[PDB]
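File shown here: upload12.pdb, holding PDB, C-alpha atoms.
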```pdb
ATOM      1  CA  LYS A   1       0.000   0.000   0.000  1.00  0.00           C
ATOM      2  CA  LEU A   2       1.154   3.577  -0.617  1.00  0.00           C
ATOM      3  CA  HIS A   3       3.302   4.970   2.192  1.00  0.00           C
ATOM      4  CA  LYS A   4       4.828   8.356   2.877  1.00  0.00           C
ATOM      5  CA  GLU A   5       8.540   9.082   3.147  1.00  0.00           C
ATOM      6  CA  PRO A   6      10.360  12.186   4.391  1.00  0.00           C
ATOM      7  CA  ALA A   7      11.929  14.656   1.990  1.00  0.00           C
ATOM      8  CA  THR A   8      13.439  18.127   2.314  1.00  0.00           C
ATOM      9  CA  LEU A   9      12.613  21.106   0.157  1.00  0.00           C
ATOM     10  CA  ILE A  10      15.422  22.492  -1.916  1.00  0.00           C
ATOM     11  CA  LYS A  11      13.629  24.797  -4.321  1.00  0.00           C
ATOM     12  CA  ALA A  12      10.189  25.135  -5.889  1.00  0.00           C
ATOM     13  CA  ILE A  13      10.656  25.483  -9.661  1.00  0.00           C
ATOM     14  CA  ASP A  14       7.105  26.115 -10.571  1.00  0.00           C
ATOM     15  CA  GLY A  15       3.560  25.046  -9.914  1.00  0.00           C
ATOM     16  CA  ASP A  16       4.086  21.356 -10.422  1.00  0.00           C
ATOM     17  CA  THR A  17       7.839  20.858 -10.541  1.00  0.00           C
ATOM     18  CA  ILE A  18      10.017  21.001  -7.459  1.00  0.00           C
ATOM     19  CA  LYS A  19      13.569  20.172  -6.370  1.00  0.00           C
ATOM     20  CA  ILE A  20      13.793  18.150  -3.149  1.00  0.00           C
ATOM     21  CA  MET A  21      16.341  16.215  -1.103  1.00  0.00           C
ATOM     22  CA  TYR A  22      15.163  12.612  -1.239  1.00  0.00           C
ATOM     23  CA  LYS A  23      17.056   9.879   0.632  1.00  0.00           C
ATOM     24  CA  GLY A  24      20.243  11.979   0.681  1.00  0.00           C
ATOM     25  CA  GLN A  25      20.059  12.988  -2.969  1.00  0.00           C
ATOM     26  CA  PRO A  26      18.834  16.141  -4.689  1.00  0.00           C
ATOM     27  CA  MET A  27      16.213  15.310  -7.323  1.00  0.00           C
ATOM     28  CA  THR A  28      13.575  17.005  -9.403  1.00  0.00           C
ATOM     29  CA  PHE A  29      10.009  15.891  -8.706  1.00  0.00           C
ATOM     30  CA  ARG A  30       6.979  16.256 -10.952  1.00  0.00           C
ATOM     31  CA  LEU A  31       3.530  16.360  -9.263  1.00  0.00           C
ATOM     32  CA  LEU A  32       1.421  13.329 -10.263  1.00  0.00           C
ATOM     33  CA  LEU A  33      -1.937  13.780 -12.005  1.00  0.00           C
ATOM     34  CA  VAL A  34      -1.950  17.565 -12.305  1.00  0.00           C
ATOM     35  CA  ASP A  35      -1.062  20.235 -14.846  1.00  0.00           C
ATOM     36  CA  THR A  36      -0.417  23.791 -13.646  1.00  0.00           C
ATOM     37  CA  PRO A  37      -0.166  26.605 -16.174  1.00  0.00           C
ATOM     38  CA  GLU A  38       3.379  27.252 -17.393  1.00  0.00           C
ATOM     39  CA  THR A  39       5.781  30.067 -16.531  1.00  0.00           C
ATOM     40  CA  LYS A  40       8.801  28.610 -18.347  1.00  0.00           C
ATOM     41  CA  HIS A  41       7.554  27.986 -21.882  1.00  0.00           C
ATOM     42  CA  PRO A  42       9.359  27.637 -25.199  1.00  0.00           C
ATOM     43  CA  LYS A  43       6.652  28.747 -27.636  1.00  0.00           C
ATOM     44  CA  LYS A  44       4.014  30.500 -25.535  1.00  0.00           C
ATOM     45  CA  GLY A  45       5.236  32.478 -22.514  1.00  0.00           C
ATOM     46  CA  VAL A  46       3.848  32.784 -18.990  1.00  0.00           C
ATOM     47  CA  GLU A  47       0.429  31.149 -19.292  1.00  0.00           C
ATOM     48  CA  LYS A  48      -2.435  32.703 -17.281  1.00  0.00           C
ATOM     49  CA  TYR A  49      -2.409  31.628 -13.613  1.00  0.00           C
ATOM     50  CA  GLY A  50       1.146  30.323 -14.135  1.00  0.00           C
ATOM     51  CA  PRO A  51       2.740  32.823 -11.737  1.00  0.00           C
ATOM     52  CA  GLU A  52      -0.167  32.144  -9.361  1.00  0.00           C
ATOM     53  CA  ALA A  53       0.036  28.362  -9.332  1.00  0.00           C
ATOM     54  CA  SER A  54       3.716  28.653  -8.750  1.00  0.00           C
ATOM     55  CA  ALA A  55       3.499  31.104  -5.814  1.00  0.00           C
ATOM     56  CA  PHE A  56       0.941  28.827  -4.221  1.00  0.00           C
ATOM     57  CA  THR A  57       3.140  25.735  -4.418  1.00  0.00           C
ATOM     58  CA  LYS A  58       6.142  27.728  -3.229  1.00  0.00           C
ATOM     59  CA  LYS A  59       4.316  29.181  -0.237  1.00  0.00           C
ATOM     60  CA  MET A  60       2.708  25.878   0.727  1.00  0.00           C
ATOM     61  CA  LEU A  61       6.022  24.029   0.681  1.00  0.00           C
ATOM     62  CA  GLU A  62       8.158  26.745   2.227  1.00  0.00           C
ATOM     63  CA  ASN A  63       5.801  27.246   5.191  1.00  0.00           C
ATOM     64  CA  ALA A  64       5.415  23.564   6.035  1.00  0.00           C
ATOM     65  CA  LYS A  65       6.938  21.958   9.075  1.00  0.00           C
ATOM     66  CA  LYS A  66       7.048  18.612   7.300  1.00  0.00           C
ATOM     67  CA  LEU A  67       7.320  17.500   3.658  1.00  0.00           C
ATOM     68  CA  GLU A  68       6.575  13.913   2.619  1.00  0.00           C
ATOM     69  CA  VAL A  69       6.585  12.074  -0.723  1.00  0.00           C
ATOM     70  CA  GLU A  70       4.127   9.398  -1.752  1.00  0.00           C
ATOM     71  CA  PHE A  71       4.953   7.164  -4.717  1.00  0.00           C
ATOM     72  CA  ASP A  72       2.060   5.578  -6.600  1.00  0.00           C
ATOM     73  CA  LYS A  73       2.142   1.937  -7.723  1.00  0.00           C
ATOM     74  CA  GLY A  74       3.610   2.449 -11.231  1.00  0.00           C
ATOM     75  CA  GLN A  75       6.872   3.902 -12.500  1.00  0.00           C
ATOM     76  CA  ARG A  76       8.485   6.165  -9.900  1.00  0.00           C
ATOM     77  CA  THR A  77      10.485   8.254 -12.426  1.00  0.00           C
ATOM     78  CA  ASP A  78       9.588   9.759 -15.839  1.00  0.00           C
ATOM     79  CA  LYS A  79      11.716   9.801 -19.012  1.00  0.00           C
ATOM     80  CA  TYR A  80      13.407  13.033 -17.853  1.00  0.00           C
ATOM     81  CA  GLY A  81      14.539  11.408 -14.640  1.00  0.00           C
ATOM     82  CA  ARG A  82      11.976  13.238 -12.509  1.00  0.00           C
ATOM     83  CA  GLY A  83      10.453  11.538  -9.471  1.00  0.00           C
ATOM     84  CA  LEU A  84       6.706  10.965  -9.892  1.00  0.00           C
ATOM     85  CA  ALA A  85       4.760  11.419  -6.682  1.00  0.00           C
ATOM     86  CA  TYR A  86       2.109  12.896  -4.462  1.00  0.00           C
ATOM     87  CA  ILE A  87       3.613  15.580  -2.243  1.00  0.00           C
ATOM     88  CA  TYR A  88       2.365  16.397   1.257  1.00  0.00           C
ATOM     89  CA  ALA A  89       2.914  19.546   3.318  1.00  0.00           C
ATOM     90  CA  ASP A  90       2.018  18.947   6.986  1.00  0.00           C
ATOM     91  CA  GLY A  91      -0.317  16.199   5.884  1.00  0.00           C
ATOM     92  CA  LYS A  92      -1.999  18.201   3.146  1.00  0.00           C
ATOM     93  CA  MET A  93      -1.550  16.938  -0.427  1.00  0.00           C
ATOM     94  CA  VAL A  94      -0.131  19.739  -2.587  1.00  0.00           C
ATOM     95  CA  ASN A  95      -1.559  18.057  -5.660  1.00  0.00           C
ATOM     96  CA  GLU A  96      -5.181  18.231  -4.462  1.00  0.00           C
ATOM     97  CA  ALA A  97      -4.877  21.725  -2.945  1.00  0.00           C
ATOM     98  CA  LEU A  98      -3.758  23.061  -6.332  1.00  0.00           C
ATOM     99  CA  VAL A  99      -6.719  21.418  -8.035  1.00  0.00           C
ATOM    100  CA  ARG A 100      -9.235  22.511  -5.368  1.00  0.00           C
ATOM    101  CA  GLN A 101      -8.176  26.185  -5.848  1.00  0.00           C
ATOM    102  CA  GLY A 102      -8.615  26.124  -9.610  1.00  0.00           C
ATOM    103  CA  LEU A 103      -4.845  26.413 -10.154  1.00  0.00           C
ATOM    104  CA  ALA A 104      -4.387  23.019 -11.874  1.00  0.00           C
ATOM    105  CA  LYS A 105      -6.344  20.680 -14.151  1.00  0.00           C
ATOM    106  CA  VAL A 106      -6.308  16.917 -13.569  1.00  0.00           C
ATOM    107  CA  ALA A 107      -3.710  15.654 -16.063  1.00  0.00           C
ATOM    108  CA  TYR A 108      -4.021  12.833 -18.548  1.00  0.00           C
ATOM    109  CA  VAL A 109      -3.773   9.731 -16.436  1.00  0.00           C
ATOM    110  CA  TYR A 110      -1.517   6.728 -16.943  1.00  0.00           C
ATOM    111  CA  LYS A 111      -2.489   3.539 -15.178  1.00  0.00           C
ATOM    112  CA  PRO A 112      -1.242   2.226 -13.002  1.00  0.00           C
ATOM    113  CA  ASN A 113      -0.149   5.570 -11.558  1.00  0.00           C
ATOM    114  CA  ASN A 114      -3.670   6.698 -10.773  1.00  0.00           C
ATOM    115  CA  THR A 115      -4.434   5.824  -7.170  1.00  0.00           C
ATOM    116  CA  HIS A 116      -5.795   9.279  -6.191  1.00  0.00           C
ATOM    117  CA  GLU A 117      -7.503  10.043  -9.522  1.00  0.00           C
ATOM    118  CA  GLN A 118     -11.084  10.018  -8.187  1.00  0.00           C
ATOM    119  CA  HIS A 119     -10.412  12.231  -5.199  1.00  0.00           C
ATOM    120  CA  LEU A 120      -8.613  14.654  -7.428  1.00  0.00           C
ATOM    121  CA  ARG A 121     -11.397  14.529  -9.973  1.00  0.00           C
ATOM    122  CA  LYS A 122     -13.775  15.278  -7.103  1.00  0.00           C
ATOM    123  CA  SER A 123     -11.867  18.423  -6.181  1.00  0.00           C
ATOM    124  CA  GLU A 124     -11.617  19.684  -9.789  1.00  0.00           C
ATOM    125  CA  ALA A 125     -15.404  19.514 -10.295  1.00  0.00           C
ATOM    126  CA  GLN A 126     -15.897  21.598  -7.136  1.00  0.00           C
ATOM    127  CA  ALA A 127     -13.373  24.206  -8.260  1.00  0.00           C
ATOM    128  CA  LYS A 128     -15.299  24.130 -11.565  1.00  0.00           C
ATOM    129  CA  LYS A 129     -18.690  24.626  -9.900  1.00  0.00           C
ATOM    130  CA  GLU A 130     -17.166  27.473  -7.843  1.00  0.00           C
ATOM    131  CA  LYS A 131     -15.606  28.772 -11.066  1.00  0.00           C
ATOM    132  CA  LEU A 132     -12.197  29.373  -9.418  1.00  0.00           C
ATOM    133  CA  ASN A 133      -9.251  30.897 -11.311  1.00  0.00           C
ATOM    134  CA  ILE A 134      -8.731  28.532 -14.275  1.00  0.00           C
ATOM    135  CA  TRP A 135     -12.477  27.985 -14.340  1.00  0.00           C
ATOM    136  CA  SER A 136     -13.485  31.625 -14.114  1.00  0.00           C
TER     137      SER A 136
END
```
Encoded form using structure tokens:
Amino acid sequence: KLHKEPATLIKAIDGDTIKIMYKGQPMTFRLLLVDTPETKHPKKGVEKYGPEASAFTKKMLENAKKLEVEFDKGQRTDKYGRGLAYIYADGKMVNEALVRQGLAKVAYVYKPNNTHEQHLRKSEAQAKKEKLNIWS
């Protein structure tokens, strides 16, 4: 069953990509199942809510007493060598918080990495009904 492990923030890069110290090593992590608008983009530039999703993630992680990472049951790294996980700040999942606030859409899902898909989908529909940010 999925279990949490300790990690240490190094640097938030943007809304859904962060650098953390994981088991002694610095790595880049990508937040599972969510897409935040982009600040660092090749073609297009800062997308709308990009700067916002990324301040959110930054504040949430920097203010936490405790950071934990939760791997899903599939591949734990993507083709760019980024960890793939659910991230928790004092017990609150960053991935769901982003979605609940209308600052992320639920991503395209790849089984078997999809254990919190329903919950997340729950929160996105609520942010939709409340027409928050993305959904305004």
Translate the PyMOL selection byres ((chain A and resi 86-100) around 7), as applied to the file shown, into an explicit residue set as a tab-separated table (two decimals) with C-alpha atoms, keeping the file's coordinate frame.
```tsv
chain	number	residue	atom	x	y	z
A	31	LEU	CA	3.53	16.36	-9.26
A	32	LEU	CA	1.42	13.33	-10.26
A	34	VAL	CA	-1.95	17.57	-12.30
A	60	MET	CA	2.71	25.88	0.73
A	61	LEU	CA	6.02	24.03	0.68
A	64	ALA	CA	5.42	23.56	6.04
A	65	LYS	CA	6.94	21.96	9.07
A	66	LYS	CA	7.05	18.61	7.30
A	67	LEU	CA	7.32	17.50	3.66
A	68	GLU	CA	6.58	13.91	2.62
A	69	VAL	CA	6.58	12.07	-0.72
A	70	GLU	CA	4.13	9.40	-1.75
A	71	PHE	CA	4.95	7.16	-4.72
A	85	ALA	CA	4.76	11.42	-6.68
A	101	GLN	CA	-8.18	26.18	-5.85
A	102	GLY	CA	-8.62	26.12	-9.61
A	103	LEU	CA	-4.84	26.41	-10.15
A	104	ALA	CA	-4.39	23.02	-11.87
A	105	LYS	CA	-6.34	20.68	-14.15
A	120	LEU	CA	-8.61	14.65	-7.43
A	123	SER	CA	-11.87	18.42	-6.18
A	124	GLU	CA	-11.62	19.68	-9.79
A	126	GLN	CA	-15.90	21.60	-7.14
A	127	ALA	CA	-13.37	24.21	-8.26
```
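For the pair CA of residue 78 in chain A and CA of residue 22 in chain A, the interatomic distance is 15.9 Å.
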Min atom-atom distance to residue 46 in chain A from the set A:20, A:15, A:84, A:58, counting all atoms listed in the file, belongs to A:15
Atom pair CA of residue 113 in chain A + CA of residue 1 in chain A, distance 12.8 Å
So what do you get for CA of residue 81 in chain A versus CA of residue 9 in chain A, distance-wise? 17.8 Å
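If only C-alpha atoms are the atoms counted, then among A:57, A:118, A:17, A:136 the closest residue to residue 82 in chain A is A:17.
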Going by the chain IDs and residue numbers used in this file, which residues fall under the PyMOL selection byres ((chain A and resi 49) around 8)? Write them as a compact mmCIF listing (two decimals) with C-alpha atoms, in the coordinates of the input.
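Final output, saved to part31.txt:
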```
# COMPACT_ATOMS: atom_id res chain seq x y z
CA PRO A 37 -0.17 26.60 -16.17
CA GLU A 47 0.43 31.15 -19.29
CA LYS A 48 -2.44 32.70 -17.28
CA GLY A 50 1.15 30.32 -14.14
CA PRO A 51 2.74 32.82 -11.74
CA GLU A 52 -0.17 32.14 -9.36
CA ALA A 53 0.04 28.36 -9.33
CA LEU A 103 -4.84 26.41 -10.15
CA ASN A 133 -9.25 30.90 -11.31
CA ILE A 134 -8.73 28.53 -14.28
```
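Between residue 39 in chain A and the residues A:23, A:13, A:5, A:59, the shortest atom-to-atom distance, using only C-alpha atoms, involves A:13.
Every protein or nucleic acid residue with an atom no more than 6 Å from residue 83 in chain A, counting only C-alpha atoms and leaving out same-chain residues fewer than 3 positions away, appears here: residues 29, 76 and 77 of chain A.
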Preceding selection exported with C-alpha atoms as a JSON list (two decimals), keeping the file's coordinate frame:
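Saved to out-v7.json:
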```
[["chain", "number", "residue", "atom", "x", "y", "z"],
["A", 29, "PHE", "CA", 10.01, 15.89, -8.71],
["A", 76, "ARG", "CA", 8.48, 6.16, -9.90],
["A", 77, "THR", "CA", 10.48, 8.25, -12.43]]
```
Env of range 24-26 of chain A: 10 Å cut, atoms = only C-alpha atoms, seq-sep filter 6 positions within chain, self excluded. Answer as a tab-separated table (two decimals) with C-alpha atoms, in the coordinates of the input.
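After the write, around.tsv holds the following:
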```
chain	number	residue	atom	x	y	z
A	7	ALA	CA	11.93	14.66	1.99
A	8	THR	CA	13.44	18.13	2.31
A	9	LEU	CA	12.61	21.11	0.16
A	10	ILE	CA	15.42	22.49	-1.92
```
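In terms of minimum interatomic distance to residue 80 in chain A, A:27 ranks closest within A:14, A:114, A:27, A:35, counting all atoms listed in the file.
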Enclose range 65-71 of chain A, meaning all of its atoms listed in the file, in a box aligned along x, y and z, pad it by 6 Å on each side, and list the centre and edge lengths in Å to one decimal, as JSON.
```
{"center_x": 5.7, "center_y": 14.6, "center_z": 2.2, "size_x": 15.2, "size_y": 26.8, "size_z": 25.8}
```
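With distances taken over all atoms listed in the file, A:16 is the one residue among A:130, A:11, A:75, A:16 lying closest to residue 33 in chain A.
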